[PDB]
Amino acid sequence: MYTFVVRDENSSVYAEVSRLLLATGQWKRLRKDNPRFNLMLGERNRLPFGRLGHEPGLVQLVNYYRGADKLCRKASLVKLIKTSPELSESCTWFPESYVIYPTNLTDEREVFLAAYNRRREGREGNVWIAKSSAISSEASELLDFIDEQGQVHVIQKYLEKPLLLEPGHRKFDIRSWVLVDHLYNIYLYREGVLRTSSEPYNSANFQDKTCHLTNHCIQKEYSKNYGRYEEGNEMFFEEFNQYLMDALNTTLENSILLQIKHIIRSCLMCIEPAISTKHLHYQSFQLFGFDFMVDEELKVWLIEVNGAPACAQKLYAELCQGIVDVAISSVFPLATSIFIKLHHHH
Amino acid sequence: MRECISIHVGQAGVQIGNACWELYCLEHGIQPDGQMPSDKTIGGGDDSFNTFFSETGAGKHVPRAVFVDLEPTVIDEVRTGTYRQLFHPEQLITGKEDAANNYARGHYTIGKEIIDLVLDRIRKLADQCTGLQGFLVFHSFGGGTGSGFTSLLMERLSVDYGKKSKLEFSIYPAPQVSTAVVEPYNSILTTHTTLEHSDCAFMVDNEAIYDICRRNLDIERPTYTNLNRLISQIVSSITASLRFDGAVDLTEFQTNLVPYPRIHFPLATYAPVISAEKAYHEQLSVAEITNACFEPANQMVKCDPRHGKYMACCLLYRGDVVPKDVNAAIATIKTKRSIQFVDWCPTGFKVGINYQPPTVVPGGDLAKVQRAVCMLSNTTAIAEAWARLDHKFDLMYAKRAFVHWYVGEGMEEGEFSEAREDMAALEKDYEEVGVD
Amino acid sequence: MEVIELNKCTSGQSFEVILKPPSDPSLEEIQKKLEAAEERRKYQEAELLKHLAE
Amino acid sequence: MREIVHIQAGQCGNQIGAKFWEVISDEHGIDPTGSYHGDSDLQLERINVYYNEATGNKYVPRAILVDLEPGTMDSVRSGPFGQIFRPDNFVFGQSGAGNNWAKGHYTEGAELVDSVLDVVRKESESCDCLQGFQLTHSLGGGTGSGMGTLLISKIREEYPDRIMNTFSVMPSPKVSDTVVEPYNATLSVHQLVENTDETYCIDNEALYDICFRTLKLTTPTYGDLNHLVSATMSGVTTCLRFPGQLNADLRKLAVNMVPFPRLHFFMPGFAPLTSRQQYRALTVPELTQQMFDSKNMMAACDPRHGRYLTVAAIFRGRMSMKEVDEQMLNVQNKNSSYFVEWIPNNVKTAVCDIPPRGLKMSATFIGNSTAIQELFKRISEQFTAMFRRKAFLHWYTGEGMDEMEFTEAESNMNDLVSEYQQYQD
Ligand SMILES: Nc1nc2c(ncn2[C@@H]2O[C@H](COP(=O)(O)OP(=O)(O)OP(=O)(O)O)[C@@H](O)[C@H]2O)c(=O)[nH]1
Ligand SMILES: Nc1ncnc2c1ncn2[C@@H]1O[C@H](COP(=O)(O)OP(=O)(O)CP(=O)(O)O)[C@@H](O)[C@H]1O
Ligand SMILES: Nc1nc2c(ncn2[C@@H]2O[C@H](COP(=O)(O)OP(=O)(O)O)[C@@H](O)[C@H]2O)c(=O)[nH]1
Ligand SMILES: c1coc(CNc2nc3ccccc3[nH]2)c1
Ligand SMILES: [Ca+2]
Ligand SMILES: [Ca+2]
Ligand SMILES: [Ca+2]
Ligand SMILES: [Mg+2]
Ligand SMILES: [Mg+2]
Ligand SMILES: [Mg+2]
């Protein structure tokens, strides 16, 4: 009889995992402060990693890798890409980004202006975007908007030529879910989702950000065509695969999946020696939400990586059962995989 | 030549000291009766080993050590053991009833009565030193005498020996080998009153030594013998530079490893630990044993140095080790490991090579190796050990459990929260220096 | 990768390799703490004996 | 040399104490005459803890036998090991206590106590370093109940910083001498709450049920019940009488088992308990399930009705210490709800190499659980059922007590129950 605890009541993903574990009759849930647990579904912030792996006779497993915030924090990811040789500053699938600190606080302000002035002089598109974990073609507006805030921000090249779906002439992003187990096998969930925009993309008006941001909460609040083309502005790999064939005469595997699989591998392999729980006194596993952009040349770009992602309402059952199968049951065995293993060198 | 006095306090300190001085004799070729054929200067000399042994007119080499325990059962073993002839009676001090795992009982109730006697015995050794450097205090965090009397002895040492350095070898309490439930209280009580008085303290988590014994030595249920025989290896390698001609003085330990005073808790790493019962093993290269210094499985305290920041790193090599191979492995490891130094400190390594390889106790558990390295590193990841304890402390103190046993000995309940507020600050100090 | 202060002798040698440059209470008081604790012990034991004589 | 002074008062006290000394005498290789005849030195390693050494290499139990009537102590002196006891250590009167706590505590006992203490002092004066005292007695009688608590009070006065543990037999309605036992038990318990460091609660109903339901004894006897109390008393003391990494004195043990001063009441357990299939070897798992089973516990309290503050398991025999550690670590995770989570690592295990006579291996259980309140509730219920109507009170008021002292002993034990209740949540 295995035991586990729950320290994040807001987690929709692991609210179902705990539900499934109990349904097995072989797992028992304890109070959130009881330390005799085989598994911990821990809190997002300030998770006490230092207290794990020190219970005699108990193999302990946690659902967060210590150090993955380097990959999921906007300002942390930019720093990991430019400074890591495996990725290099010349990484071809990540938009040219810069870490800007508000003037009320290194910082890449001058390095950003240099690249910004270079574009303005070459008649090239120069529409950037500022964001933070907490759109404009003018450098003054972007830098002034950051000074009006008080946290770290990032200015990265806004993709001015995004692949637009028809009918609609609309933008979108792709969410892929990757599960990394204790042995550090990289499993890609065969099921992805496209969080699309229900408004015709407009390159002459970045002021109205409803046709530029594909977030599920912004579309269901400020967009007037929510749910017109697909339910909940969410299209799945089967329909998107069929549209690619009819319109572009290609496939999702060849056109986009191959690049996504490469991006996933490249990022997780880069920080493997830094978060691997191979020779550690406890074991880790984490589910990642990767967000991609696809331009009009069928090139896949990396947006960000979410360390505590939610899932599409239709995929909660299949994905969660797979977490238990390959992530939890693989360490605590009970009495065709929905994942695509991304083989690599450890 | 400058002398060093060792002070063993409590059950843990005495037994560990017994295992250390055993190794010291085998290393310096001193027989159980105290004779040393290799020493040609009879009755005197200022050699590298004289920092730890004194010489009599009869040629007996006597350790500069003192054993203290409020109970006579542990020190009686030394009085009749193989090495009984090494020490004289004045060096072994014992009471008649221990501190019952109660810090207050050792610090206030019993300590008061035996404190002036211990200091006087120490003064007798000090009266034999031509240039005393400091003291090496072995004790346990959980023991009532080890935690309670040590803290009092330290306070009095900083008074009677102001300018002398003091180093601790502290045993971090582990549940797998301890039957005591209050050791968190004692640990936090002793690290509080002892902080301002210790200049550098090496913690040994019994949890670490235990798994090192089961994993590397294939001992299903290890004993204190098995645990001490190992610890003395790590202690020997850390003290080897004081007894042999290699680099030298106790002042170097703080200067080299402790930039900020409160953060005087280095992390030790030792390799290779090979089982003598093994038929034969591939003699690990300098690169391999040096690469082992960054596996947590070889650390005296279990923690992740990849998620802290370093402040210093020494590599104490013993055996067949040459500088060319050390730098080769180092460059190899830098391009593979996660080693983050603080910005106010350089990113480098002090290295000392001693050509005589590590000595092993005959019939012991440790196999003879051709080259061994002990790394001393001041990581902020050792703050995990304080977090672990401070949590347990908080769990019980919230219900005031076991507090009456302490107050029953004259200690005030405020000394608990006072000691805890000090550990909360010590945890903050580490996070300030190590996190961004 | 700079090796410095290479020190050698017959029993061993020592050196330093750099990879990158940088960027008390008195005896009076102790006797009081000890006696004050012994005084609280005396008062608690007194209250015990008083309750026992009653 | 950490000597322990033993005391046994009253009929039950002396009879149980007697069998106890019979049990450990055999374990330490001491025959009925005081001579040593063992084949191992572990038997003499810690012999002075419970035995004095006389001329001719004789070992005399450091036991002081006390009673108001002579009946029982004449039995012991003519018992199997009777002649082993120091003839001076027999302190007894003639009036008897009439199964009345007042008589043993205030009147008949008051006249004999000073002579008992004279003997205690004589034994203490020869103890190189006295560990503390242990008392055997019942709480439903008058002598061991009334005078035993009186002795304890007078011992704490003369030796205030010495450990005072007791083995106390709780009266049950199933094995009852007199109807006033609830009066005597309640009056004794109040004394034990104040003046004892360890009190092992032994409910006769539990011993009975064990002898009946488990051991398959149709008609159990006070002699059958006492055999169990001999084995348990021998078990909880193995860490004291034999050498091991445990070490520990009476004070080191209490500090680690008693987190709150007045919650120092334990429910002991023994295992195996086998009916005469009696020669079958017992595996390390089987010792452990029974040990934590409620039927093998002697407090008539269901541990699943409370939470453990602390727990200590002492194993005896040639078994796998690795496998021992494995099984103990398994029980706690199976029943986590019954252990408090604010006392880290509150389950301790000790191993000894000498097994009890005739057993390949045994397990002694010591439990500081909050379920022990049910034992006190039963006592308090029976007590009030009588006291509300002042039934049988004249037997006590006649001896000099007032109704007020009864109302105090009532409230004091109901507070003890509430205390146990708050920590169970
Ligand atoms: N590594 C190691 N740890 C020990 C040894 N002896 C005791 N310990 C640890 O010390 C802790 C208890 O402190 P002790 O040293 O035994 O107690 P003490 O210092 O004699 O003080 P008292 O309570 O008065 O006896 C336990 O957690 C043990 O794990 C030993 O020989 N080696
Ligand atoms: N450089 C760029 N070019 C084009 N679009 C961009 C962009 N940077 C961000 N976006 C848009 O912003 C959206 C994602 O914003 P971002 O991910 O930074 O905020 P967020 O983290 O709160 C949403 P989530 O965590 O769910 O991915 C995407 O839908 C994308 O269309
Ligand atoms: N287990 C056990 N209980 C006993 C024994 N003798 C008496 N009792 C219990 O003790 C109570 C009576 O106490 P008793 O010994 O007669 O009181 P005394 O006057 O002090 O000797 C009753 O509740 C009995 O159940 C015995 O030999 N074994
Ligand atoms: C005489 C009076 O008490 C005794 C035995 N006490 C005792 N405390 C213990 C605490 C933990 C484990 C065993 C213990 N055993 C003998
Ligand atoms: Ca000499
Ligand atoms: Ca000083
Ligand atoms: Ca009379
Ligand atoms: Mg985000
Ligand atoms: Mg001791
Ligand atoms: Mg009778």
# chains A, B, ... in the order shown; residues from 1 in each chain; ligands from 1
>>> residues_near_ligand(ligand="ligand 5", cutoff="10 Å", atoms="only C-alpha atoms and all ligand atoms", output="PDB file with C-alpha atoms, in the first residue's frame")
ATOM      1  CA  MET B  36      58.074   4.870  17.587  1.00  0.00           C
ATOM      2  CA  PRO B  37      61.199   3.259  16.104  1.00  0.00           C
ATOM      3  CA  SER B  38      61.357   5.753  13.217  1.00  0.00           C
ATOM      4  CA  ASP B  39      61.672   8.655  15.697  1.00  0.00           C
ATOM      5  CA  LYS B  40      65.407   8.995  16.346  1.00  0.00           C
ATOM      6  CA  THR B  41      65.095  12.082  18.583  1.00  0.00           C
ATOM      7  CA  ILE B  42      64.329  10.352  21.881  1.00  0.00           C
ATOM      8  CA  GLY B  43      62.373  12.294  24.486  1.00  0.00           C
ATOM      9  CA  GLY B  44      61.879  15.367  22.311  1.00  0.00           C
ATOM     10  CA  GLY B  45      61.739  16.912  18.872  1.00  0.00           C
ATOM     11  CA  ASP B  46      59.647  19.358  16.875  1.00  0.00           C
ATOM     12  CA  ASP B  47      58.603  17.131  13.965  1.00  0.00           C
ATOM     13  CA  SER B  48      55.411  17.110  11.898  1.00  0.00           C
ATOM     14  CA  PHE B  49      53.838  14.427  14.104  1.00  0.00           C
ATOM     15  CA  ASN B  50      54.736  16.182  17.376  1.00  0.00           C
ATOM     16  CA  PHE B  53      51.923  13.510  20.081  1.00  0.00           C
ATOM     17  CA  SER B  54      54.190  14.387  22.988  1.00  0.00           C
ATOM     18  CA  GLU B  55      57.329  12.477  23.934  1.00  0.00           C
ATOM     19  CA  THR B  56      58.465  11.226  27.333  1.00  0.00           C
ATOM     20  CA  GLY B  59      60.423   7.339  24.347  1.00  0.00           C
ATOM     21  CA  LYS B  60      56.648   7.014  24.736  1.00  0.00           C
ATOM     22  CA  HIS B  61      54.643   9.071  22.241  1.00  0.00           C
TER      23      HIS B  61
END
>>> residues_near_ligand(ligand="ligand 9", cutoff="7 Å", atoms="only C-alpha atoms and all ligand atoms", output="list in words")
residues 10, 11, 69, 70, 71, 74 and 98 of chain B
>>> select_by_dssp(residues="chain C", states="alpha helix (DSSP H)", output="short mmCIF file (atom, residue, chain, number, x, y, z; two decimals) with N, CA and C atoms, in the first residue's frame")
data_model
loop_
_atom_site.label_atom_id
_atom_site.label_comp_id
_atom_site.auth_asym_id
_atom_site.auth_seq_id
_atom_site.Cartn_x
_atom_site.Cartn_y
_atom_site.Cartn_z
N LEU C 27 33.98 35.37 31.85
CA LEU C 27 33.85 34.30 32.84
C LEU C 27 32.85 34.67 33.93
N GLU C 28 32.76 35.96 34.26
CA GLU C 28 31.74 36.41 35.21
C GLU C 28 30.34 36.08 34.71
N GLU C 29 30.05 36.45 33.46
CA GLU C 29 28.71 36.23 32.92
C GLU C 29 28.38 34.75 32.82
N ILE C 30 29.34 33.93 32.39
CA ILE C 30 29.10 32.49 32.28
C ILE C 30 28.76 31.90 33.65
N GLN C 31 29.47 32.34 34.69
CA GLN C 31 29.15 31.86 36.03
C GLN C 31 27.75 32.27 36.45
N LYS C 32 27.26 33.41 35.95
CA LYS C 32 25.91 33.84 36.29
C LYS C 32 24.86 33.00 35.57
N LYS C 33 25.03 32.80 34.26
CA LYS C 33 24.11 31.93 33.53
C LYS C 33 23.99 30.57 34.19
N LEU C 34 25.12 30.01 34.64
CA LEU C 34 25.11 28.70 35.27
C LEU C 34 24.41 28.74 36.62
N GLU C 35 24.72 29.75 37.43
CA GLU C 35 24.10 29.85 38.75
C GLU C 35 22.62 30.19 38.65
N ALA C 36 22.25 31.07 37.72
CA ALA C 36 20.85 31.40 37.54
C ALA C 36 20.03 30.16 37.20
N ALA C 37 20.59 29.26 36.39
CA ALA C 37 19.90 28.01 36.11
C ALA C 37 19.82 27.14 37.35
N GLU C 38 20.91 27.07 38.12
CA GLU C 38 20.88 26.32 39.38
C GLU C 38 19.92 26.94 40.38
N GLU C 39 19.62 28.23 40.24
CA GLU C 39 18.67 28.88 41.14
C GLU C 39 17.24 28.54 40.77
N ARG C 40 16.93 28.45 39.47
CA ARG C 40 15.61 28.01 39.06
C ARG C 40 15.38 26.55 39.38
N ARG C 41 16.44 25.73 39.39
CA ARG C 41 16.30 24.36 39.87
C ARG C 41 15.97 24.33 41.35
N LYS C 42 16.62 25.19 42.14
CA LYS C 42 16.35 25.22 43.57
C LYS C 42 14.92 25.65 43.86
N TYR C 43 14.40 26.61 43.09
CA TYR C 43 13.05 27.10 43.34
C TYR C 43 11.99 26.10 42.91
N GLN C 44 12.24 25.34 41.85
CA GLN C 44 11.27 24.33 41.43
C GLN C 44 11.25 23.15 42.39
N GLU C 45 12.42 22.75 42.89
CA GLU C 45 12.49 21.68 43.87
C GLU C 45 11.92 22.13 45.21
N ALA C 46 12.13 23.40 45.58
CA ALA C 46 11.49 23.93 46.78
C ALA C 46 9.98 23.82 46.68
N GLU C 47 9.40 24.30 45.58
CA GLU C 47 7.95 24.23 45.42
C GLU C 47 7.45 22.80 45.46
N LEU C 48 8.26 21.84 45.00
CA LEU C 48 7.88 20.44 45.10
C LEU C 48 7.83 19.99 46.55
N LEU C 49 8.87 20.30 47.32
CA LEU C 49 8.89 19.89 48.72
C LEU C 49 7.81 20.60 49.52
N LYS C 50 7.54 21.87 49.21
CA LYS C 50 6.46 22.58 49.88
C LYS C 50 5.12 21.88 49.63
N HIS C 51 4.86 21.51 48.38
CA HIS C 51 3.64 20.77 48.06
C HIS C 51 3.65 19.39 48.71
N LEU C 52 4.83 18.85 49.01
CA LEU C 52 4.90 17.54 49.65
C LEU C 52 4.68 17.63 51.15
N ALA C 53 5.19 18.69 51.79
CA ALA C 53 4.93 18.88 53.21
C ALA C 53 3.45 19.17 53.45
#
>>> residues_near_ligand(ligand="ligand 8", cutoff="12 Å", atoms="only C-alpha atoms and all ligand atoms", output="list in words")
residues 69, 71, 72, 73, 74, 75, 77, 131, 132, 133, 134, 215, 288, 289, 290, 291, 303, 304, 305, 306, 307, 308, 309 and 310 of chain A
>>> closest_atom_pairs(of="chain D", to="ligand 1", cutoff="10 Å", atoms="only C-alpha atoms and all ligand atoms", output="Markdown table")
| residue | atom | partner | partner_atom_place_in_ligand_line | distance |
| --- | --- | --- | --- | --- |
| D:245 | CA | ligand 1 | 6 (N) | 8.8 |
| D:246 | CA | ligand 1 | 16 (O) | 9.3 |
| D:247 | CA | ligand 1 | 25 (O) | 8.8 |
| D:248 | CA | ligand 1 | 25 (O) | 7.7 |
| D:249 | CA | ligand 1 | 25 (O) | 9.3 |
| D:251 | CA | ligand 1 | 23 (O) | 9.8 |
| D:252 | CA | ligand 1 | 23 (O) | 7.1 |
>>> write_last_selection(atoms="N, CA, C and O atoms", output="compact mmCIF listing (two decimals), in the first residue's frame")
# COMPACT_ATOMS: atom_id res chain seq x y z
N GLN D 245 24.14 -2.00 22.06
CA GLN D 245 24.34 -0.63 21.61
C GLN D 245 23.32 0.33 22.22
O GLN D 245 23.53 1.55 22.20
N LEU D 246 22.22 -0.20 22.76
CA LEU D 246 21.18 0.66 23.33
C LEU D 246 21.71 1.48 24.50
O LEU D 246 21.50 2.69 24.56
N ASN D 247 22.41 0.83 25.43
CA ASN D 247 22.97 1.50 26.61
C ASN D 247 21.80 2.01 27.44
O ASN D 247 20.95 1.20 27.83
N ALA D 248 21.71 3.31 27.73
CA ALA D 248 20.51 3.88 28.35
C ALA D 248 20.35 3.53 29.82
O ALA D 248 20.63 2.40 30.24
N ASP D 249 19.89 4.50 30.60
CA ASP D 249 19.50 4.33 31.99
C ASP D 249 18.01 4.62 32.11
O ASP D 249 17.34 4.95 31.13
N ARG D 251 16.60 7.14 33.25
CA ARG D 251 16.29 8.52 32.90
C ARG D 251 16.37 8.76 31.40
O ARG D 251 15.53 9.48 30.84
N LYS D 252 17.36 8.18 30.73
CA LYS D 252 17.45 8.31 29.28
C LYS D 252 16.22 7.72 28.60
O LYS D 252 15.76 8.23 27.58
>>> decode(residues="region 19-31 of chain C", atoms="C-alpha atoms", output="short mmCIF file (atom, residue, chain, number, x, y, z; two decimals), in the first residue's frame")
data_model
loop_
_atom_site.label_atom_id
_atom_site.label_comp_id
_atom_site.auth_asym_id
_atom_site.auth_seq_id
_atom_site.Cartn_x
_atom_site.Cartn_y
_atom_site.Cartn_z
CA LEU C 19 39.94 28.90 -13.62
CA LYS C 20 38.41 32.39 -13.46
CA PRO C 21 39.04 35.51 -11.33
CA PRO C 22 36.45 37.02 -8.97
CA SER C 23 33.90 39.75 -9.74
CA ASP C 24 32.30 37.15 23.67
CA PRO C 25 30.87 36.57 27.15
CA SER C 26 33.21 36.88 30.12
CA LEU C 27 33.85 34.30 32.84
CA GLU C 28 31.74 36.41 35.21
CA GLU C 29 28.71 36.23 32.92
CA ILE C 30 29.10 32.49 32.28
CA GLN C 31 29.15 31.86 36.03
#
